[PDB]
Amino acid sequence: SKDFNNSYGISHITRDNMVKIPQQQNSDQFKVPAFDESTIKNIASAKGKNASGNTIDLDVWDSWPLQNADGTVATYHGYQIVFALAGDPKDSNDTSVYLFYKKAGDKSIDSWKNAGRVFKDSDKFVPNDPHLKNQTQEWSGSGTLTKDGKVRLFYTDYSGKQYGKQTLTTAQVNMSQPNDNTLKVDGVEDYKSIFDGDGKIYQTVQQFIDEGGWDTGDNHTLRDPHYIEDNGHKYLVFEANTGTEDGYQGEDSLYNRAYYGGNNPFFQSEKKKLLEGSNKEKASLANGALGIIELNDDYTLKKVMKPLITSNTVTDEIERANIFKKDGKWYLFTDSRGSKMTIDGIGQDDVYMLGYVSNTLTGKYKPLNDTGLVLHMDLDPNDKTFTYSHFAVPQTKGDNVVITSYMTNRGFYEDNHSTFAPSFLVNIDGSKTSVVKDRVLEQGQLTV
């Protein structure tokens, strides 16, 4: 037959793991806490310009804190820093990275000030770079406070004039303080593309173009770079899709036992069902990956490494890659949409954070809570307290991590702009996780 088994020396989000998320997810152990509608506030300082040029209240989406190397929230001249994607739906597509800041001691969302856009429109054209001048949008990433005490940003260069090309990009963000309660973005330097895919380990946009682009239903990704360090080495962990040599998309992927897990009877039943049902083509195209590249000390590409984990057959889209070390173990997280999944019992309303644990950085990642489920959110997108882009922020002590997310906040009354969601706690103990009951933090709170 066509049945085979190739793990490609890497870990896999398996169908056997995923089919067990239904019912399990109904436990309060995994459910995102209900939020109080009466106290939801817009980020007051979140004001800027649209594509038309006038000043508007912004919709704030994907956000990430400035971090130390280990992932804990950094302190910069007494401030905590948050980078967030923001824009105006009258531009719809247009999104840029903004720098928000607040004295670490303060707690209120009203304390978050706005330093404005990290980049000027003109910034992408300064450096001699293979990709930057083709940029149309700024997408997610990470931020690190270097040993030299510099603000080092990683983000995604999205190119709408190159078939949705995504390039992992870096820049040093030069800061100043005009007064003793203001942070100012002076400008940027060392602004450069790092990686746009190789083809064999991670899919390139050229492979996306050559297959027929948007029409195919394929979803090309190469984004959300997350910075970490291990043993003196610098890495980025990011959302991608596999390449030709590490379990590519296509019909034959449906015959690989490694993507299914479980026993042979499960492999046969699940595969038969997948081959005959409505999700055959969707599953064939699904080859999402959490990738890892090693960097040089100047943040240029050093080595393209094999993926930490892939989601062949399950989904093309495992987003907001996150990784940190806790209790000597490596915890790897991703957010995923049920709508993009090919799993029975998981549907359009379902939104997840999935999690995995390994003894080493590049070792075998085993599912948290046996299935990989950490968080489940299933509110209608039009509900005021819909949350998205859940992100685990490690803490300096304790078994708890702080989950940040954005709340789309599409209510009828004010306040109704996309904003920081109330933060909450997830307990991490070995391979077990649990939402901490009755502990909701302030909107956008990074630490306890």
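Start at 1 with the first residue shown and count on from there.
I need to verify one thing: averaged over C-alpha atoms only, is the B-factor higher for 208 to 216 or for 349 to 357? 208 to 216 has the higher mean C-alpha B-factor.
Output the stretch having the higher mean C-alpha B factor in the entry; the candidates are 271 to 279 and 100 to 108. Averaging CA B-factors over each stretch, the winner is 100 to 108.
Kindly indicate the residue among 322, 221, 179, 336 with the greatest C-alpha B-factor in the PDB record. Reading the PDB entry, the winner on C-alpha B-factor is 179.
Looking at 226, 200, 340, 120, which one carries the largest C-alpha B-factor according to the PDB entry? That would be 120.
Third of the chain's Cα B-factor distribution that residue 68 belongs to, per the entry: Middle third by C-alpha B-factor.
State the tercile, meaning the lowest, middle or highest third, of residue 59 with respect to the CA B-factors recorded for its chain. For residue 59, whose C-alpha B-factor we compare with every modelled residue in the chain, the answer is the highest third.
For the chain shown, is the CA B-factor of residue 19 in the lowest, middle or highest third of its modelled residues? Tercile = lowest for this residue's CA B-factor.
In terms of the CA temperature factor given in the entry, to which third of its chain does residue 383 belong: lowest, middle or highest? CA B-factor rank for residue 383: lowest third.
Tell me, lowest, middle or highest third: where does the Cα B factor of residue 190 rank within its chain? As the PDB entry reports it, the C-alpha B-factor of residue 190 lands in the middle third of its chain.
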